[PDB]
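Trainee: Structure provided below as structure tokens; questions to follow.
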Amino acid sequence: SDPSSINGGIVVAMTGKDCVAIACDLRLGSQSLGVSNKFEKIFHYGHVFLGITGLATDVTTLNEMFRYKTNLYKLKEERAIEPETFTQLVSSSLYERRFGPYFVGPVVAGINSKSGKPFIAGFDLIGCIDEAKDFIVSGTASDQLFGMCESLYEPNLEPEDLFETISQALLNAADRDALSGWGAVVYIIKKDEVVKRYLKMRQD
Amino acid sequence: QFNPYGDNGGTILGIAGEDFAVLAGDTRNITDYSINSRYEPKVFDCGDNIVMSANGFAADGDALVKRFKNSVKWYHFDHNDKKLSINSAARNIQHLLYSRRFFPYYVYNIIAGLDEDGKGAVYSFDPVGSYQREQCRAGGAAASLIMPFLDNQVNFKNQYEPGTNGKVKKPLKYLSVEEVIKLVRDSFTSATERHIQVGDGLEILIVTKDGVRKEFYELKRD
Amino acid sequence: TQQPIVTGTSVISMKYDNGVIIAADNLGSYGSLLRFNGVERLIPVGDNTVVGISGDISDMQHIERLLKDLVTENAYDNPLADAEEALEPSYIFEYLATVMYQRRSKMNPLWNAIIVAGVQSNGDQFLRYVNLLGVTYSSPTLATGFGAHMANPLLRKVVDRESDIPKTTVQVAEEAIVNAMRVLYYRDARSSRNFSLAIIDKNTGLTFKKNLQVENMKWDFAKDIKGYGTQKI
Amino acid sequence: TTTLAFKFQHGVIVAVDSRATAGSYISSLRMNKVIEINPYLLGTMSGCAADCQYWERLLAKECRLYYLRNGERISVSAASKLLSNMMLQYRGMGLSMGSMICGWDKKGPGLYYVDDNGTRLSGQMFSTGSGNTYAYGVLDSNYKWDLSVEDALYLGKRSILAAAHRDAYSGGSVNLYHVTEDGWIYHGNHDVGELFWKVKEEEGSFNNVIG
Amino acid sequence: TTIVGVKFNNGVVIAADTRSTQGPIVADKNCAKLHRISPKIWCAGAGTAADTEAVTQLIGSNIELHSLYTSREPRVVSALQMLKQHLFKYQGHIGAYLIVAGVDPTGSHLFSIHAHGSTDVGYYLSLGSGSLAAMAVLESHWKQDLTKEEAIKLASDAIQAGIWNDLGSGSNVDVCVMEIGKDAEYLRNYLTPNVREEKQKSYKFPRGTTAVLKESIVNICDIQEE
Amino acid sequence: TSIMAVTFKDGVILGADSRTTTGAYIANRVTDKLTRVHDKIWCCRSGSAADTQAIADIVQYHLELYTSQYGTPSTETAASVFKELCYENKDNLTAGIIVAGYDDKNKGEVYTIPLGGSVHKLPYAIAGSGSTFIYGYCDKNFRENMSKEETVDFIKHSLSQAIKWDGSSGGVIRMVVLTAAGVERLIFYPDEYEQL
Amino acid sequence: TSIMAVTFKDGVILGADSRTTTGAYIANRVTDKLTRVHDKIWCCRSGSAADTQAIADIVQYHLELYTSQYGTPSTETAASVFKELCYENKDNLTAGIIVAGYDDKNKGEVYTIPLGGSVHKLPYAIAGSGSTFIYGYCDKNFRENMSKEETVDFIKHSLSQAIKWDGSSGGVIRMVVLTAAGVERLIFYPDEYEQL
Amino acid sequence: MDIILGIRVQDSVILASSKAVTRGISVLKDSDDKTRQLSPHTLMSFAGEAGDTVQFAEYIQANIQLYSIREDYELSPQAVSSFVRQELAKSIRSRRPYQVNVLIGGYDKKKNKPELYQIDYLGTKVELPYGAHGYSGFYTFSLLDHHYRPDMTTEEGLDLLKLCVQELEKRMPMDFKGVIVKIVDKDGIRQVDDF
Amino acid sequence: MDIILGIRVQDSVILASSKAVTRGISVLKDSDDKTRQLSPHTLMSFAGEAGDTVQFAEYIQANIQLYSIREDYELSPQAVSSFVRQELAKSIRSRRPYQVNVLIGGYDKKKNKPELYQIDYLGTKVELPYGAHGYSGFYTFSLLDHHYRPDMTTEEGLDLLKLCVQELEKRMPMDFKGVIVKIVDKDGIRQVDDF
Ligand SMILES: *[B]([O])([O])[C]([C][C]([C])[C])[N]C(=O)[C]([C]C1=[C][C]=[C][C]=[C]1)[N]C(=O)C1=[C]N=[C][C]=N1
Ligand SMILES: *[B]([O])([O])[C]([C][C]([C])[C])[N]C(=O)[C]([C]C1=[C][C]=[C][C]=[C]1)[N]C(=O)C1=[C]N=[C][C]=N1
Ligand SMILES: *[B]([O])([O])[C]([C][C]([C])[C])[N]C(=O)[C]([C]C1=[C][C]=[C][C]=[C]1)[N]C(=O)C1=[C]N=[C][C]=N1
Ligand SMILES: *[B]([O])([O])[C]([C][C]([C])[C])[N]C(=O)[C]([C]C1=[C][C]=[C][C]=[C]1)[N]C(=O)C1=[C]N=[C][C]=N1
Ligand SMILES: [Cl-]
Ligand SMILES: [Cl-]
Ligand SMILES: [Mg+2]
Ligand SMILES: [Mg+2]
Ligand SMILES: [Mg+2]
Ligand SMILES: [Mg+2]
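Listed in order, the protein sequences are those of chains W, L, M, K, V, b, N, X and J.
The first sequence begins at 1 in the deposited numbering and counts up by one.
The second sequence begins at 1 in the deposited numbering and counts up by one.
The third sequence begins at 1 in the deposited numbering and counts up by one.
The fourth sequence begins at 1 in the deposited numbering and counts up by one.
The fifth sequence begins at 1 in the deposited numbering and counts up by one.
The sixth sequence begins at 1 in the deposited numbering and counts up by one.
The seventh sequence begins at 1 in the deposited numbering and counts up by one.
The eighth sequence begins at 1 in the deposited numbering and counts up by one.
The ninth sequence begins at 1 in the deposited numbering and counts up by one.
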């Protein structure tokens with residue numbers, strides 16, 4: 001019944017030293033039934049990354065919508081959109097449906113191409129921006145993720161250390177959530193290289 | 001309409017060592033968005049080297065503990081001052097809880113102590129009386145925040161040995177009391193940050209063959 | 001199951017170095033009607049305990065009678081009724097707490113919030129709360145209803161933790177309580193200007209003050225406030 | 001929850017998962033859903049944990065008293081009926097219990113399904129819980145009376161795995177039991193995470209999953 | 001949420017805590033509840049977080065265009081009027097509870113605003129779940145003819161009352177001072193009485209602890225030449 | 001809320017308490033419920049604060065525009081504009097308003113507009129939750145053609161009792177005097193009116 | 001319903017209207033709400049007619065039996081018996097009763113028992129739906145140690161206003177005077193009290 | 001309606017759909033074909049609320065046929081599935097949403113690959129090797145998880161499909177009156193007349 | 001449970017009862033015997049709420065068996081049916097009524113006549129030549145009204161019963177997994193093992 005917990009799923013993002021990381025599970029379900037183990041929730045528009053949890057139809061719809069808008073932005077501005085600007089676009093777009101909202105929990109992650117500054121942000125389903133320094137969490141295991149991130153996280157981690165921290169935060173949170181798991185992906189992001197890693201986890 | 005139940009918040013944590021056990025819990029008592037007390041004890045020494053905490057609805061928690069303490073007293077009277085073992089106490093508590101199957105004690109309950117072989121023991125209960133022995137258990141408001149952390153840092157879940165790449169697990173080495181207390185404090189400090197009902201103070205009860213010892217630590221008061 | 005009819009609002013209290021203070025206004029409200037203006041909601045039990053009650057007044061009067069009968073019963077076959085075997089604050093509280101929890105367990109509660117304030121035999125301060133649910137807790141400051149939201153913050157500025165109790169005098173504590181009662185009169189719509197205050201000290205005993213009034217109120221600034229935004233006249 | 005049990009040539013297999021949930025939160029990774037009533041009687045658990053534990057442990061009291069009075073072990077049929085009659089006293093009061101009473105007696109191996117409604121069914125094969133449909137799929141296509149003890153243990157183990165994978169409220173680990181005329185025999189706790197990858201490689205199944 | 005506003009001799013000051021919640025969970029520990037409508041008109045917001053920001057940006061935008069159209073500095077009464085009419089129109093469904101303050105050619109002003117569209121005038125105001133704890137402090141310590149330094153102290157003391165005693169409020173204290181004939185000073189994190197203590201242990205893992213299946217480079221660059 | 005408007009020899013006087021409540025919490029203890037819609041046409045507001053403010057603002061706009069075209073409007077005209085809003089939007093409003101004004105031709109006039117949006121011209125009017133407790137007192141003590149000082153005492157005593165018994169009413173007693181001489185604001189504090 | 005009991009120098013006087021209603025229909029216009037439970041202990045009844053009659057009958061039985069064993073009961077004792085019934089059966093009752101009586105030792109006493117079953121000893125008391133409209137009037141006009149004639153006028157004027165404004169109240173004003181001299185019944189008709 | 005299954009094998013997609021239509025307590029028909037050919041190499045099966053199903057299917061069919069004529073070109077199964085998803089995601093926030101779940105089986109002639117898409121009434125799209133709607137998956141996915149290989153022949157796909165139907169016929173309380181099976185491959189769409 | 005049929009022919013009574021037992025969405029058993037022998041020449045089939053059915057049936061069985069031992073005499077089908085009706089009429093005004101519908105098929109050895117009684121959970125008794133409970137009659141009574149004669153043989157009764165089951169299997173949405181058929185005559189009770 002609750003749209004935000006029909007399909008299930010989680011997203012988490014973290015800042016490091018001159019880098020950011022964003023990760024998600026791969027599950028898509030119909031309540032108790034597991035339907036897909038390949039439903040990736042992280043998308044990218046140039047160098048800006050967007051993770052979306054919640055109702056799967058709205059996740060798909062919003063990806064297609066932000067692809068639409070970022071492609072026009074680029075044609076007119078003659079440059080790729082930056083994380084700070086994209087974050088405002090996400091907020092604007094969500095609030096325009098204030099009284100008929102998309103049932104989602106978006107998470108933005110990326111590095112400003114000019115300043116080199118790492119950036120992450122989280123939103124509620126209607127556009128409120130949470131611009132955190134440390135980490136952002138979203139999904140059906142958000143309580144679990146808060147507990148993991150708040151204890152495991154420390155600032156200024158190197159890319160290969162940050163990978164381990166965010167991975168362990170996601171994995172153990174997902175293993176205490178019935179509606180999350182069935183695989184996981186982690187993006188490690190630096191100013192001009194991005195690595196994507198699929199994690200091995202329990203498939204129940 | 002009269003609602004006979006309420007939520008006084010709070011969070012509790014039990015960890016079983018090799019020859020010891022700990023039962024910790026925050027000292028904050030609340031209703032809705034108000035604080036009732038910054039120091040209201042929640043973990044109790046019930047006698048016979050057993051510690052207990054009933055988290056949830058305070059009135060039902062105080063009543064259950066009071067009854068179990070009473071059950072220990074009468075166990076001595078009836079069976080020639082025999083020591084109530086932790087397994088026997090656990091089974092006794094199941095029957096205390098199920099006596100109200102149709103008007104339950106609204107509490108998540110944990111007891112800790114030592115088994116008859118001297119090893120550390122933790123038992124966990126649901127409000128209607130289902131129980132089971134465990135190595136690690138967080139209960140109450142911030143239970144969902146803490147348990148995943150304990151799966152990772154106590155049972156080494158999803159942790160493998162470098163170089164093998166997922167082929168060989170991290171071996172399950174035992175934890176010392178000093179190591180356990182670090183995990184307890186970091187658990188409650190993290191829970192305090194993200195959960196509004198957790199804070200003010202942390203009281204830990206440590207159980208060994210020598211007896212029951214207490215430790216208290218301040219937490220954030222916001 | 002019932003609904004409260006004639007009600008009493010906040011009861012506030014705090015510990016200080018040599019004892020406890022408790023206070024409550026003299027009003028018995030009938031919904032939004034401020035019906036009864038001479039209601040005493042602090043009820044002394046012996047010379048070492050004061051029970052402050054908020055909520056349903058008919059249930060309060062019932063509790064008042066239980067306590068009166070408790071004193072009578074304690075004196076029976078008790079040569080030390082006025083000495084070693086006198087009623088303690090802890091005895092009185094636990095009795096009430098037993099009654100409140102039993103009544104909630106029969107789905108027929110006493111619709112009240114109670115604070116038992118007193119001093120024990122050994123000179124220790126006693127301050128504990130109990131309500132219709134049988135919920136109990138203790139703290140250096142305690143308050144019911146609106147007092148919990150407005151009085152506690154003010155009183156916790158004086159005694160924020162246990163170590164502040166010996167540093168707090170009876171003059172400072174009474175000043176804080178009286179200020180809190182004024183604030184409740186400003187902001188609680190079911191409060192009255194008239195109130196009662198009781199001090200239980202381990203040296204000077206029980207001092208019961210009646211017919212107190214909220215004074216030194218600030219209202220003058222109201223003359224300068226005009227309209228709700230744009231209006232100048 | 002997924003539990004199953006089936007009779008065969010060499011007795012009865014009993015397999016269960018170990019997951020416990022409180023809403024979408026996984027409260028327990030390792031819940032024991034079997035009860036050892038006596039050396040020749042087992043009981044599975046599905047539904048409310050409190051109800052399952054209390055009433056099946058109370059059944060064990062009543063089955064033990066039977067032995068003392070009669071100097072003889074209770075039948076599986078009689079044990080299952082005592083339990084169903086307990087459920088019939090709290091008729092409509094809201095108990096949630098689904099259990100299979102598995103054992104060996106003078107008639108040979110015995111298997112009875114019992115639930116909170118008071119239903120009591122004899123049969124060769126049963127499966128209860130939120131993941132029973134997934135387990136039945138594997139069982140129905142691979143079951144034979146002529147099964148070996150080794151293959152039968154695997155079938156029950158593999159059937160739970162199927163359910164643990166698909167059903168969100170099933171998982172954790174697999175507990176196996178084998179009931180003979182000399183009593184039940186515990187065949188260990190098997191983590192699903194490790195078991196899944198093992199079965200995938202050896203069997204070739206779960207091709208759609210990547211590993 | 002605890003937000004306050006206090007008038008003084010030559011201006012007005014507003015303050016707020018920095019906690020955001022969903023149920024018993026804290027979403028943001030360092031949230032910014034102080035909003036700029038115009039350079040010398042700021043408002044503090046309680047209630048639904050997206051609504052306080054959105055309604056504040058919209059009116060701020062229209063105030064800026066109005067200022068350009070009229071060749072005048074914006075007035076607090078204008079922002080007040082535009083906010084209340086907007087909120088009234090949405091019959092409380094836009095959950096924005098605001099304390100609006102500022103200085104303009106008319107003088108210094110302090111107003112409150114509720115979600116249904118009712119406005120109130122005062123020398124001291126408080127809104128949010130911790131408004132009762134804050135108002136208790138204000139009613140105890142406020143006086144006429146406060147100085148700038150006394151008013152900041154009163155305002156932050158009122159926020160602290162909310163932080164400590166209200167579970168819906170916490171973390172830090174933000175302040176904004178608007179004095180006549182001066183630039184408005186926005187004091188982000190004026191107080192920081194809730195820094196987390198050092199953890200007992202480091203949870204940095206050995207490299208290679210997490211099991212991996214696949215690795216791949218992600219192409220973020222555009223289509224290349226040649 | 002306790003509000004009233006009383007006509008007398010030299011004109012009309014409006015009176016009100018200053019309490020605004022959210023349940024039992026007093027959201028504002030120094031509220032101004034006496035509102036100006038024209039130079040010498042004022043109103044007393046009861047019910048929803050948002051609704052009554054929105055209405056009064058619209059009325060003030062209508063009468064400002066009326067004045068620009070047709071000159072000073074009558075008190076009856078002002079009451080009609082209030083009525084039109086309260087009647088046509090009765091399903092979505094909760095507003096009990098008393099309209100009072102002074103002409104030189106018609107002198108002091110009072111119109112009360114309860115929930116339904118009906119209009120009633122009276123010598124005096126009382127409204128708000130606290131008015132229930134003073135129907136008896138006001139009926140027994142009101143006289144026509146009272147002096148300014150007598151009328152001030154009548155309102156002071158009446159609202160004093162309404163405040164005493166009604167929890168939704170309290171604070172200071174605000175008053176506004178409307179005569180040929182001009183517009184005078186009065187205020188009376190608790191220490192003054194409680195001892196009556 | 002409009003009922004009241006007022007103590008004065010020589011004793012106590014009870015007063016009541018005579019209207020019983022089923023919605024807006026007046027089922028009885030000459031009801032006697034002033035009820036005798038003992039020679040000089042009477043009560044005023046408001047709320048359910050069935051409940052208040054059943055209670056008063058039980059009380060009269062208790063006080064008759066009390067008298068046979070222990071002699072004349074006090075007014076406080078009578079109020080306690082009322083309370084015990086109203087409090088212990090609060091879930092199933094709707095009864096607002098005022099108890100009034102005359103002793104030689106204690107003189108005139110008045111106890112009011114509202115819905116909850118609480119007891120309140122007062123110099124005077126008012127109750128019933130119509131009492132709301134005369135809280136202001138009664139508070140302003142009541143004095144202690146009034147004469148019989150002054151007290152009769154006070155009750156007459158008070159209930160006159162309560163009747164005027166309350167639809168559930170009306171008919172005749174019944175009164176019962178309790179003094180050392182004895183028990184006197186009074187009645188005042190509409191033509192008399194309406195012109196006040 | 002009730003049951004719709006789909007399985008993508010090596011060189012084809014196989015769709016199986018129940019034949020029953022029930023009104024009130026009576027089964028009106030036991031030979032109903034719950035499918036529409038969208039294009040020569042794309043087939044869509046459907047299940048949901050009565051009436052809405054056929055009207056949605058025929059509306060999609062008309063749009064794809066219109067596209068085919070306009071461009072003289074067959075849309076890829078992926079393009080068709082995206083169009084269908086958008087129509088359902090549009091529909092879910094309408095005054096009265098269309099309560100229809102679909103499976104789209106197509107053979108991409110460009111890539112020479114069979115493709116199976118599962119889309120529910122909310123507009124939730126997923127590409128799968130095998131899929132189902134409603135309760136069908138609860139009974140059948142355990143068999144498919146076990147037996148399915150991506151290199152299976154069409155004949156092996158049909159045998160695994162028979163096993164799925166047999167399991168349904170054993171453990172489902174409802175009688176769905178068997179299934180109509182259709183195969184989609186490089187040569188187009190054909191119906192298996194004996195199953 | 002679901003389906004129970006009864007038909008009284010010349011010299012016997014034939015009862016047919018479904019074999020299915022469903023819990024949730026899964027069919028747990030397809031060989032369930034929904035009947036109890038009350039006495040050597042009296043058989044009772046039953047259908048209603050889960051659990052209540054068997055417990056009521058076994059309670060009736062015990063009472064009749066007790067009577068048989070006490071009197072060393074078999075009660076007539078009419079007497080048994082009246083006892084059963086009274087227990088149900090008693091039950092319907094209880095705190096928690098037993099939701100059970102029954103058919104009682106018996107051969108009266110005194111009168112040398114077969115007898116079929118239909119009793120619903122309210123205690124509504126009727127003697128009939130053929131009967132059913134629930135929706136079963138909606139599909140079958142039209143066939144029985146047409147084909148039934150009172151001089152039919154047992155073999156003819158079985159053929160007409162097969163026709164009724166075939167009609168149910170065609171038009172009922174639910175799969176009841178066939179029926180167990182039992183015959184009650186002068187020689188006692190026997191089960192038709194092939195149907
Ligand atoms: B299983 O899901 O039936 C399981 C079996 C039980 C013996 C542990 N039950 C539970 O997980 C239930 C929830 C539930 C989920 C799905 C179907 C039915 C029931 N939970 C509990 O019994 C429970 C008890 N205490 C704490 C947490 N959960
Ligand atoms: B405070 O509690 O009033 C605060 C002020 C806000 C401007 C930061 N409000 C919140 O924290 C609200 C509480 C709320 C919860 C649920 C519905 C409505 C309001 N929180 C949020 O708006 C919120 C919740 N989750 C993420 C982001 N924002
Ligand atoms: B008075 O009580 O009618 C008063 C008059 C208003 C114009 C200031 N109204 C209120 O206080 C109302 C509530 C109410 C109380 C009693 C009767 C009718 C209505 N309150 C509000 O409108 C209000 C309260 N808190 C915030 C915003 N608005
Ligand atoms: B009075 O209105 O309270 C009156 C007093 C009674 C003792 C004669 N009560 C009634 O008239 C009640 C209805 C009622 C009206 C207003 C407040 C409370 C109750 N009526 C009856 O009890 C009644 C009416 N018709 C027939 C029988 N009883
Ligand atoms: Cl206002
Ligand atoms: Cl009467
Ligand atoms: Mg706080
Ligand atoms: Mg699973
Ligand atoms: Mg009248
Ligand atoms: Mg019948």
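For every residue, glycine included, the Cβ atom is placed at its ideal position computed from N, Cα and C.
Could you tell me which residues DSSP pairs with residue 39(K) in its beta bridges?
Mentor: Beta-bridge pairing links residue 39(K) to no other residue.
Trainee: Tell me which residues share the same chain as residue 169(K) and place their Cβ nearer than 6 Å to its Cβ, disregarding the 5 neighbours each side in the sequence.
Mentor: 21 and 130
Trainee: What is the DSSP secondary structure of residue 25(W), counted as helix, strand or coil?
Mentor: Strand at residue 25(W).
Trainee: Would you call the CB atoms of residue 171(M) and residue 194(M) closer than 8 Å?
Mentor: Residue 171(M) is not a Cβ neighbour of residue 194(M), given a cutoff of 8 Å.
Trainee: Would you kindly work out how many angstroms separate the C-alpha atoms of residue 162(W) and residue 119(W), rounded to a whole number?
Mentor: 15 Å
Trainee: Kindly say whether residue 153(N), judged by its beta-carbon, lies nearer than 8 Å to any beta-carbon of chain b.
Mentor: Interface flag for residue 153(N) against chain b is unset, since no Cβ pair is found closer than 8 Å.
Trainee: Please report the distance separating the alpha-carbon of residue 32(K) from that of residue 119(L).
Mentor: 21 Å
Trainee: Who are the near neighbours of residue 57(J) in its chain, counting only those whose CB is closer than 7 Å to its CB and skipping five residues on each side?
Mentor: 36, 44 and 46
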